[PDB]
Amino acid sequence: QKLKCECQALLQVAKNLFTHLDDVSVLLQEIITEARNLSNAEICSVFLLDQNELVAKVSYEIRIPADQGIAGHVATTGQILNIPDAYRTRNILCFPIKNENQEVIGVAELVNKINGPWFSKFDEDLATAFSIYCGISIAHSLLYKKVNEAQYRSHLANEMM
Amino acid sequence: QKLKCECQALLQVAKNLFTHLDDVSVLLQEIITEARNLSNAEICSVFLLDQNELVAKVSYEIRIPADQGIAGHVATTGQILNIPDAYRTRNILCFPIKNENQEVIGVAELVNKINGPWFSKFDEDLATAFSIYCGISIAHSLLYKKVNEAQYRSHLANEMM
Amino acid sequence: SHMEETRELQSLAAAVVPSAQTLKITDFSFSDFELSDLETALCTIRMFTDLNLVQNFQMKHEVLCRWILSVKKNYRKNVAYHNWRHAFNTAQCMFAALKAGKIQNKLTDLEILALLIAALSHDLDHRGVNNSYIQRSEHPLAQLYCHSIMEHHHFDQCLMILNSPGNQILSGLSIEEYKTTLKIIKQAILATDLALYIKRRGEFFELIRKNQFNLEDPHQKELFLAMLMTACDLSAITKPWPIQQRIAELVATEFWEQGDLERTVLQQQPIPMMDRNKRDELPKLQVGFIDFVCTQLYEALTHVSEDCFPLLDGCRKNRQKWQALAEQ
Amino acid sequence: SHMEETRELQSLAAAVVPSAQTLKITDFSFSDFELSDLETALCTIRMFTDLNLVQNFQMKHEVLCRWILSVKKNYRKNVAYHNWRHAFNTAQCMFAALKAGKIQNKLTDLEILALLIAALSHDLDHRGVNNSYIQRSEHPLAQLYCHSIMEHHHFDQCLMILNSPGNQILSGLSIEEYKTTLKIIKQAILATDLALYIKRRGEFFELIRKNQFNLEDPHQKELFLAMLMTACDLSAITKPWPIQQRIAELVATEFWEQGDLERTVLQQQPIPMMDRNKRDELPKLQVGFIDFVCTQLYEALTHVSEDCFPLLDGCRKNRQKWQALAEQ
Amino acid sequence: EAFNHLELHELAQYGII
Amino acid sequence: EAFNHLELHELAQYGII
């Protein structure tokens, strides 16, 4: 019933994010926009694990080691993890960014649901499905930018010959 | 009822072809498979225009100038164009490959429908929507390949310095 | 006939153009195995491009690009290598010497102009014919001159074709720049011939070996220009072995076709190199050539010109590798 | 203290590693502005890598990589430029000279080894201190030697640290290769000092200017090794102006901290260069230094070593560009 | 194209003329 | 570090020693 619409939300995030590979920054614009529009969370922050430390632009950087913290505990685990009572923060959906795998490429956390003051178990797995398209968009757009910068700087080194 | 599936088949071709950017050949495998599965055509061939001439692997190449031919006339136009009576070929859905635009990047042609011996007007626009995902996959995976080969051969020129 | 060649003109007007920095031409041991005559013409556009000659001499755009394509079509197609590709490798050596070698800090841009135009006019409209063949097959061009008749004809067609329509890159030149241009190009095209190079080279090496060479002593400098000219005229040998196989076994087969002319319309008792029978002994007779002009010139081109050292090294790598084919 | 440095060791164990071909180090005027000490250490791994030494001398793997990181941590952190980055530019010049310069076709791999290890031991554990400072500030190392005391200490720490744990890359060497190694490195580290270079250089230039240099006359060849050594010891000047600003104004400020030591623990009447007052006239005093060693050495390093020409050119580009700051 | 006699036979067996 | 006197002041006011 309403059931189709949140699948077509995945349609929207797909047809969007797969067309935004040209730049990860604009990709962040579209992602933050679509997420603040659909997740109903008043705010959010997206960690990205690196060996033993998470990385997040929320463009001032924010950092937190995989051993330390609760979201860091999610970095240790990759568990989707609702926090219906946060302690106007009042709840947090702390789930891994993921991508190709359940392996922790990062740790997203939504804050302050619209419709139902608490995050539901419904406010979990759907965010993970959204994080399928987002995770592919991240891993592959970064896959794009790394090849860009590196292989471009290579011909920058080509200079003398 | 039955009326809600074919779009999610576009979800299938999306989740497929957008994940197969790493190589064009595999992209052709998934495309030929998904197309011979969904189009109900017994066979097909996909032209790709270059200024004034179409290009097709159907891996022996096949070529036809944009001015010459009926499919070439489609290259001249980009009109979707059913041929219910082909003259076990008996019909041809000749529609442009397209991509970002109605501009003729190429000219696909499906052959021999299952369910209803003729191609329908239904056997037109759906092929175009399928050609949205396929056209983006082509333009952008080839966009990926050109960057690969060119920027790689650049560091191959970097070798002396 | 022309309809197809101008279809190739639309190939210029409608095809992907890989960048020169992608196309390894700045590398001296470059892979010309994959380039078409069109793409090599494009690299020739680069050769007119980066030498800062267009800005310094006001060359026309498409008049230059089709200078390049017109020279691309004027070569008779019966020729095996001494065609547009030969000009491609020669002015590849010239463009690379004047950019990768960074000689511009030394010698003047006027001289860069003379070097480039004479490099692309080292062998204009070459018919698979050297000086000797016309000197003995008696083509009218032979009686038209005496010494280095192909190259006196290459200066003749320098001053002619550049003044001929579709080729007026000399049009932007000032009368002084123009004078230094066609004159230094005169002496240099005379030296584009390996022979008049052998004539002029000794003063150069005497002025090079002692590290006493000076560019505020201009005749020595122009003589260096000629030395780079002859360094460029035979640059095809600098190319990689899988490809060089093609290049110098086409030196083999093309001097075996010109040599077929040497044993049909000439009928000499065969000389050891161009005899086809030396198919597995020809490369040694290339080495003795390489020792006689190549390495002898690229040593001085090593001790003065610098990053041009691989232009020597990229030749020497072929030596034993051809000796292998020369070792039956 | 060490816990953080070994956290940097996990930065070695957990960070993206740009390729040397991506990191322009083959380009002599490379941008070391963005490299970290870790990434420069990685380029140093390249410097031990491509010189065909590990295959010819059986160097241990991580013992070498942490040879590089240990020499990285050992520099006192109070020092401005004369730290690991100094070794980075020096062995950048060395690695580039022996690969991009393609000298390996000439000189033996033994000599490549001596050149490289002496290049990275041109200035081991440099304390922001040149020979003269300890000669007058009287650090015990000064009384430990006499001539070129920092560099006699760099040979001392060559033979010591390479025999010290975590640094035994000499372990795979054969006794002959090892002998030629530490000995030629002895004379070369003596010549890594710009001074004993000024001592040894004249025989070299006399043997170079006439193009009579020969590598089958080994002492001359080793002397060339030393010339390349000194060519490498000051290679930081080769870098680009936005960067070179940092590098030679840290030559300014670091010889102004060392010069603060020259006017506190030494209290000499100031000399024009290391006096801070000449911030607007220091660069000319670099040129009088630069002409004294750089260009004089890179001219011969031009006429013999070849592709190494930009190592000269990449210095000369700074001249007027610093004259600007030398022109207030 | 007059040149050294040592060169002439070489000219008669190398790529020059 | 004995050297030529022309060199010495050029050692005494430049980067070397």
# chains A, B, ... in the order shown; residues from 1 in each chain; ligands from 1
call {"tool": "interface_residues", "arguments": {"of": "chain D", "to": "chain A", "cutoff": "6 Å", "atoms": "only C-alpha atoms", "output": "PyMOL selection string"}}
result
chain D and resi 21-22+24
call {"tool": "closest_atom_pairs", "arguments": {"of": "chain E", "to": "chain C", "cutoff": "8 Å", "atoms": "only C-alpha atoms", "output": "tab-separated table"}}
result
residue	atom	partner	partner_atom	distance
E:1	CA	C:147	CA	4.8
E:3	CA	C:199	CA	7.0
E:10	CA	C:289	CA	7.8
E:12	CA	C:271	CA	6.9
E:13	CA	C:273	CA	5.3
E:14	CA	C:289	CA	5.3
E:15	CA	C:289	CA	6.8
E:16	CA	C:194	CA	6.1
E:17	CA	C:132	CA	4.8
call {"tool": "closest_atom_pairs", "arguments": {"of": "chain C", "to": "chain D", "cutoff": "12 Å", "atoms": "only C-alpha atoms", "output": "CSV"}}
result
residue,atom,partner,partner_atom,distance
C:100,CA,D:307,CA,9.6
C:101,CA,D:307,CA,8.4
C:102,CA,D:310,CA,8.7
C:103,CA,D:309,CA,10.6
C:104,CA,D:313,CA,12.0
C:105,CA,D:313,CA,9.3
C:106,CA,D:313,CA,11.4
C:205,CA,D:211,CA,10.9
C:206,CA,D:210,CA,10.7
C:207,CA,D:210,CA,10.7
C:208,CA,D:211,CA,8.8
C:209,CA,D:211,CA,5.5
C:210,CA,D:210,CA,4.3
C:211,CA,D:209,CA,5.5
C:212,CA,D:209,CA,8.5
C:213,CA,D:209,CA,11.1
C:298,CA,D:306,CA,11.9
C:299,CA,D:211,CA,10.0
C:300,CA,D:211,CA,9.6
C:301,CA,D:303,CA,10.2
C:302,CA,D:306,CA,6.9
C:303,CA,D:303,CA,4.7
C:304,CA,D:303,CA,6.5
C:305,CA,D:306,CA,8.3
C:306,CA,D:306,CA,4.9
C:307,CA,D:307,CA,4.4
C:308,CA,D:307,CA,7.6
C:309,CA,D:306,CA,6.1
C:310,CA,D:307,CA,8.3
C:311,CA,D:307,CA,11.1
C:312,CA,D:306,CA,11.1
C:313,CA,D:105,CA,9.2
C:314,CA,D:102,CA,11.5
C:316,CA,D:105,CA,11.0
C:317,CA,D:105,CA,10.9
call {"tool": "residues_around", "arguments": {"residues": "residue 23 in chain A", "least_positions_apart": "2", "cutoff": "9 Å", "atoms": "only C-alpha atoms", "output": "ChimeraX atom specification"}}
result
/A:20-21,25-28,141-142,144-145
call {"tool": "write_last_selection", "arguments": {"atoms": "N, CA, C and O atoms", "output": "PDB file, in the first residue's frame"}}
result
ATOM      1  N   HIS A  20      25.395  10.751  -9.863  1.00  0.00           N
ATOM      2  CA  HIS A  20      26.212  11.772  -9.206  1.00  0.00           C
ATOM      3  C   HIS A  20      27.658  11.339  -8.964  1.00  0.00           C
ATOM      4  O   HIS A  20      28.341  11.897  -8.105  1.00  0.00           O
ATOM      5  N   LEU A  21      28.121  10.351  -9.723  1.00  0.00           N
ATOM      6  CA  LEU A  21      29.474   9.815  -9.564  1.00  0.00           C
ATOM      7  C   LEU A  21      30.579  10.818  -9.897  1.00  0.00           C
ATOM      8  O   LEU A  21      31.722  10.648  -9.475  1.00  0.00           O
ATOM      9  N   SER A  25      31.379  15.334  -3.544  1.00  0.00           N
ATOM     10  CA  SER A  25      30.889  16.446  -2.729  1.00  0.00           C
ATOM     11  C   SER A  25      29.421  16.740  -3.029  1.00  0.00           C
ATOM     12  O   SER A  25      28.590  16.870  -2.117  1.00  0.00           O
ATOM     13  N   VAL A  26      29.108  16.816  -4.318  1.00  0.00           N
ATOM     14  CA  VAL A  26      27.734  16.985  -4.771  1.00  0.00           C
ATOM     15  C   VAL A  26      26.931  15.769  -4.341  1.00  0.00           C
ATOM     16  O   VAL A  26      25.741  15.862  -4.027  1.00  0.00           O
ATOM     17  N   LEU A  27      27.608  14.627  -4.306  1.00  0.00           N
ATOM     18  CA  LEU A  27      26.990  13.392  -3.861  1.00  0.00           C
ATOM     19  C   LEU A  27      26.577  13.544  -2.403  1.00  0.00           C
ATOM     20  O   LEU A  27      25.491  13.126  -2.020  1.00  0.00           O
ATOM     21  N   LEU A  28      27.425  14.186  -1.606  1.00  0.00           N
ATOM     22  CA  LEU A  28      27.086  14.482  -0.217  1.00  0.00           C
ATOM     23  C   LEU A  28      25.951  15.485  -0.118  1.00  0.00           C
ATOM     24  O   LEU A  28      25.159  15.432   0.819  1.00  0.00           O
ATOM     25  N   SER A 141      32.017   5.838  -6.059  1.00  0.00           N
ATOM     26  CA  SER A 141      32.364   7.218  -6.395  1.00  0.00           C
ATOM     27  C   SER A 141      33.731   7.574  -5.840  1.00  0.00           C
ATOM     28  O   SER A 141      34.488   8.308  -6.472  1.00  0.00           O
ATOM     29  N   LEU A 142      34.044   7.078  -4.645  1.00  0.00           N
ATOM     30  CA  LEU A 142      35.398   7.229  -4.136  1.00  0.00           C
ATOM     31  C   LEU A 142      36.355   6.410  -4.984  1.00  0.00           C
ATOM     32  O   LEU A 142      37.492   6.819  -5.209  1.00  0.00           O
ATOM     33  N   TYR A 144      36.051   6.175  -8.016  1.00  0.00           N
ATOM     34  CA  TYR A 144      36.207   7.039  -9.173  1.00  0.00           C
ATOM     35  C   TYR A 144      37.203   8.159  -8.885  1.00  0.00           C
ATOM     36  O   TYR A 144      38.142   8.384  -9.657  1.00  0.00           O
ATOM     37  N   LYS A 145      37.019   8.845  -7.760  1.00  0.00           N
ATOM     38  CA  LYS A 145      37.868   9.981  -7.425  1.00  0.00           C
ATOM     39  C   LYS A 145      39.315   9.589  -7.138  1.00  0.00           C
ATOM     40  O   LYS A 145      40.235  10.351  -7.439  1.00  0.00           O
TER      41      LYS A 145
END
call {"tool": "residues_around", "arguments": {"residues": "residue 63 in chain A", "least_positions_apart": "6", "cutoff": "12 Å", "atoms": "only C-alpha atoms", "output": "PyMOL selection string"}}
result
chain A and resi 45-50+52-57+69+71-72+106-107
call {"tool": "select_by_dssp", "arguments": {"residues": "chain A", "states": "strand (DSSP E or B)", "output": "number ranges by chain"}}
result
A: 43-47, 50, 53-56, 62-65, 81-83, 92-96, 107-111
call {"tool": "residues_around", "arguments": {"residues": "residue 38 in chain A", "least_positions_apart": "3", "cutoff": "12 Å", "atoms": "only C-alpha atoms", "output": "PyMOL selection string"}}
result
chain A and resi 5-6+8-10+12-13+30-35+41-43+110+113-115+123+126-127+130
call {"tool": "write_last_selection", "arguments": {"atoms": "N, CA, C and O atoms", "output": "mmCIF file, in the first residue's frame"}}
result
data_model
loop_
_atom_site.group_PDB
_atom_site.id
_atom_site.type_symbol
_atom_site.label_atom_id
_atom_site.label_comp_id
_atom_site.auth_asym_id
_atom_site.auth_seq_id
_atom_site.Cartn_x
_atom_site.Cartn_y
_atom_site.Cartn_z
ATOM 1 N N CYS A 5 5.952 2.783 -1.974
ATOM 2 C CA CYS A 5 6.530 4.119 -2.016
ATOM 3 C C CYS A 5 7.939 4.202 -1.440
ATOM 4 O O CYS A 5 8.770 4.967 -1.929
ATOM 5 N N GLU A 6 8.213 3.415 -0.405
ATOM 6 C CA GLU A 6 9.534 3.430 0.212
ATOM 7 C C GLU A 6 10.507 2.513 -0.522
ATOM 8 O O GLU A 6 11.709 2.532 -0.260
ATOM 9 N N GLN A 8 10.250 2.749 -3.917
ATOM 10 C CA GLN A 8 10.501 3.748 -4.941
ATOM 11 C C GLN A 8 11.349 4.877 -4.384
ATOM 12 O O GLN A 8 11.891 5.683 -5.137
ATOM 13 N N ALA A 9 11.440 4.952 -3.061
ATOM 14 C CA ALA A 9 12.446 5.798 -2.444
ATOM 15 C C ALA A 9 13.826 5.246 -2.777
ATOM 16 O O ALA A 9 14.770 6.001 -3.015
ATOM 17 N N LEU A 10 13.937 3.919 -2.798
ATOM 18 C CA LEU A 10 15.172 3.278 -3.229
ATOM 19 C C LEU A 10 15.381 3.491 -4.726
ATOM 20 O O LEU A 10 16.518 3.591 -5.194
ATOM 21 N N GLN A 12 14.500 6.224 -6.224
ATOM 22 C CA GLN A 12 14.902 7.616 -6.318
ATOM 23 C C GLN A 12 16.359 7.768 -5.928
ATOM 24 O O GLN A 12 17.122 8.444 -6.613
ATOM 25 N N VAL A 13 16.743 7.126 -4.831
ATOM 26 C CA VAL A 13 18.117 7.220 -4.362
ATOM 27 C C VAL A 13 19.053 6.538 -5.360
ATOM 28 O O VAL A 13 20.208 6.935 -5.503
ATOM 29 N N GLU A 30 23.389 15.824 -2.305
ATOM 30 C CA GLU A 30 22.185 15.074 -2.633
ATOM 31 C C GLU A 30 21.827 14.068 -1.543
ATOM 32 O O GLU A 30 20.650 13.837 -1.262
ATOM 33 N N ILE A 31 22.846 13.486 -0.916
ATOM 34 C CA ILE A 31 22.615 12.511 0.143
ATOM 35 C C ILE A 31 22.080 13.175 1.401
ATOM 36 O O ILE A 31 21.105 12.706 1.972
ATOM 37 N N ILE A 32 22.697 14.275 1.820
ATOM 38 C CA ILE A 32 22.227 14.978 3.008
ATOM 39 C C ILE A 32 20.821 15.524 2.775
ATOM 40 O O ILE A 32 19.977 15.503 3.677
ATOM 41 N N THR A 33 20.553 15.960 1.549
ATOM 42 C CA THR A 33 19.234 16.493 1.231
ATOM 43 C C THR A 33 18.176 15.394 1.280
ATOM 44 O O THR A 33 17.168 15.520 1.979
ATOM 45 N N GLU A 34 18.429 14.305 0.559
ATOM 46 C CA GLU A 34 17.466 13.215 0.461
ATOM 47 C C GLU A 34 17.255 12.546 1.819
ATOM 48 O O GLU A 34 16.156 12.085 2.134
ATOM 49 N N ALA A 35 18.315 12.513 2.624
ATOM 50 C CA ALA A 35 18.269 11.871 3.933
ATOM 51 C C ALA A 35 17.528 12.724 4.949
ATOM 52 O O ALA A 35 16.737 12.207 5.730
ATOM 53 N N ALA A 41 14.803 12.043 10.469
ATOM 54 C CA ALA A 41 15.724 12.484 11.506
ATOM 55 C C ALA A 41 15.989 13.976 11.352
ATOM 56 O O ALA A 41 16.194 14.459 10.238
ATOM 57 N N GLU A 42 15.974 14.712 12.460
ATOM 58 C CA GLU A 42 16.276 16.138 12.403
ATOM 59 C C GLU A 42 17.723 16.377 11.999
ATOM 60 O O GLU A 42 18.023 17.344 11.299
ATOM 61 N N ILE A 43 18.612 15.476 12.413
ATOM 62 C CA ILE A 43 20.031 15.584 12.056
ATOM 63 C C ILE A 43 20.647 14.202 11.895
ATOM 64 O O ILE A 43 19.990 13.197 12.140
ATOM 65 N N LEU A 110 21.501 8.468 12.601
ATOM 66 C CA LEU A 110 20.360 9.379 12.501
ATOM 67 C C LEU A 110 19.900 9.877 13.868
ATOM 68 O O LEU A 110 20.075 9.187 14.869
ATOM 69 N N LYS A 113 13.511 11.330 15.057
ATOM 70 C CA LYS A 113 12.516 10.870 14.091
ATOM 71 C C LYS A 113 11.286 11.771 13.987
ATOM 72 O O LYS A 113 10.816 12.307 14.990
ATOM 73 N N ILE A 114 10.773 11.937 12.770
ATOM 74 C CA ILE A 114 9.419 12.449 12.567
ATOM 75 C C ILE A 114 8.497 11.247 12.364
ATOM 76 O O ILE A 114 8.927 10.231 11.824
ATOM 77 N N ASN A 115 7.239 11.374 12.788
ATOM 78 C CA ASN A 115 6.285 10.263 12.816
ATOM 79 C C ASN A 115 6.758 9.166 13.760
ATOM 80 O O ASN A 115 7.649 8.384 13.430
ATOM 81 N N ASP A 123 12.609 1.752 11.682
ATOM 82 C CA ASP A 123 13.608 2.789 11.476
ATOM 83 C C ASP A 123 14.990 2.193 11.685
ATOM 84 O O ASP A 123 15.762 2.678 12.503
ATOM 85 N N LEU A 126 15.355 -0.473 6.879
ATOM 86 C CA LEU A 126 15.089 0.339 5.700
ATOM 87 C C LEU A 126 16.219 1.333 5.465
ATOM 88 O O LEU A 126 16.578 1.625 4.322
ATOM 89 N N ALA A 127 16.780 1.848 6.555
ATOM 90 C CA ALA A 127 17.924 2.744 6.467
ATOM 91 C C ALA A 127 19.133 1.986 5.947
ATOM 92 O O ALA A 127 19.998 2.552 5.283
ATOM 93 N N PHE A 130 18.627 1.689 2.257
ATOM 94 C CA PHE A 130 18.985 2.988 1.711
ATOM 95 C C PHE A 130 20.507 3.090 1.665
ATOM 96 O O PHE A 130 21.097 3.720 0.775
#
call {"tool": "calpha_fit_rmsd", "arguments": {"fixed": "chain A", "moving": "chain B"}}
result
0.3 Å
call {"tool": "residues_around", "arguments": {"residues": "residue 320 in chain C", "least_positions_apart": "5", "cutoff": "10 Å", "atoms": "only C-alpha atoms", "output": "JSON list (two decimals) with C-alpha atoms, in the first residue's frame"}}
result
[["chain", "number", "residue", "atom", "x", "y", "z"],
["C", 283, "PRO", "CA", 71.01, -5.81, -39.62],
["C", 284, "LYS", "CA", 74.82, -5.97, -39.20],
["C", 287, "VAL", "CA", 74.90, -1.48, -37.30],
["C", 325, "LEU", "CA", 68.34, -11.40, -36.72],
["C", 326, "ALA", "CA", 71.76, -10.72, -38.19],
["C", 327, "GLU", "CA", 72.88, -13.93, -36.48]]
call {"tool": "residues_around", "arguments": {"residues": "residue 83 in chain D", "least_positions_apart": "6", "cutoff": "10 Å", "atoms": "only C-alpha atoms", "output": "ChimeraX atom specification"}}
result
/D:37,71-77,123-128
call {"tool": "write_last_selection", "arguments": {"atoms": "N, CA and C atoms", "output": "PDB file, in the first residue's frame"}}
result
ATOM      1  N   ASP D  37      56.354  12.960   6.339  1.00  0.00           N
ATOM      2  CA  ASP D  37      57.613  12.267   6.598  1.00  0.00           C
ATOM      3  C   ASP D  37      57.474  10.793   6.239  1.00  0.00           C
ATOM      4  N   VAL D  71      65.827   5.892  10.631  1.00  0.00           N
ATOM      5  CA  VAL D  71      66.562   7.100  10.290  1.00  0.00           C
ATOM      6  C   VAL D  71      65.576   8.263  10.289  1.00  0.00           C
ATOM      7  N   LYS D  72      64.308   7.972  10.012  1.00  0.00           N
ATOM      8  CA  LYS D  72      63.281   9.002  10.097  1.00  0.00           C
ATOM      9  C   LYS D  72      63.091   9.515  11.526  1.00  0.00           C
ATOM     10  N   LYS D  73      62.871   8.611  12.480  1.00  0.00           N
ATOM     11  CA  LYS D  73      62.667   9.028  13.869  1.00  0.00           C
ATOM     12  C   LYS D  73      63.917   9.593  14.547  1.00  0.00           C
ATOM     13  N   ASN D  74      65.098   9.144  14.127  1.00  0.00           N
ATOM     14  CA  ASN D  74      66.328   9.524  14.824  1.00  0.00           C
ATOM     15  C   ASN D  74      66.679  11.008  14.756  1.00  0.00           C
ATOM     16  N   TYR D  75      66.277  11.694  13.687  1.00  0.00           N
ATOM     17  CA  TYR D  75      66.537  13.128  13.605  1.00  0.00           C
ATOM     18  C   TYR D  75      65.845  13.847  14.754  1.00  0.00           C
ATOM     19  N   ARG D  76      66.572  14.746  15.411  1.00  0.00           N
ATOM     20  CA  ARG D  76      65.986  15.555  16.469  1.00  0.00           C
ATOM     21  C   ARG D  76      64.956  16.498  15.854  1.00  0.00           C
ATOM     22  N   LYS D  77      63.812  16.634  16.513  1.00  0.00           N
ATOM     23  CA  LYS D  77      62.661  17.311  15.920  1.00  0.00           C
ATOM     24  C   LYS D  77      62.721  18.837  16.024  1.00  0.00           C
ATOM     25  N   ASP D 123      73.864  12.994   5.570  1.00  0.00           N
ATOM     26  CA  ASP D 123      73.548  13.808   6.744  1.00  0.00           C
ATOM     27  C   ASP D 123      72.702  13.051   7.774  1.00  0.00           C
ATOM     28  N   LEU D 124      73.188  11.899   8.232  1.00  0.00           N
ATOM     29  CA  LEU D 124      72.483  11.117   9.249  1.00  0.00           C
ATOM     30  C   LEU D 124      72.368  11.841  10.586  1.00  0.00           C
ATOM     31  N   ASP D 125      71.182  11.765  11.189  1.00  0.00           N
ATOM     32  CA  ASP D 125      70.920  12.319  12.518  1.00  0.00           C
ATOM     33  C   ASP D 125      71.414  13.763  12.610  1.00  0.00           C
ATOM     34  N   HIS D 126      71.183  14.525  11.548  1.00  0.00           N
ATOM     35  CA  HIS D 126      71.652  15.899  11.509  1.00  0.00           C
ATOM     36  C   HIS D 126      70.926  16.704  12.583  1.00  0.00           C
ATOM     37  N   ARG D 127      71.677  17.512  13.320  1.00  0.00           N
ATOM     38  CA  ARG D 127      71.151  18.167  14.512  1.00  0.00           C
ATOM     39  C   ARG D 127      70.878  19.644  14.280  1.00  0.00           C
ATOM     40  N   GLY D 128      70.731  20.029  13.017  1.00  0.00           N
ATOM     41  CA  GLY D 128      70.615  21.432  12.674  1.00  0.00           C
ATOM     42  C   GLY D 128      72.008  22.015  12.740  1.00  0.00           C
TER      43      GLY D 128
END
call {"tool": "atom_distance", "arguments": {"atom1": "CA of residue 168 in chain D", "atom2": "CA of residue 64 in chain D"}}
result
7.6 Å
call {"tool": "atom_distance", "arguments": {"atom1": "CA of residue 13 in chain C", "atom2": "CA of residue 67 in chain C"}}
result
15.3 Å
call {"tool": "select_by_dssp", "arguments": {"residues": "range 3-83 of chain B", "states": "alpha helix (DSSP H)", "output": "PyMOL selection string"}}
result
chain B and resi 6-17+24-38+70-77
call {"tool": "closest_residue", "arguments": {"among": "A:105, A:58, A:7, A:86", "to": "chain B", "atoms": "only C-alpha atoms"}}
result
A:7
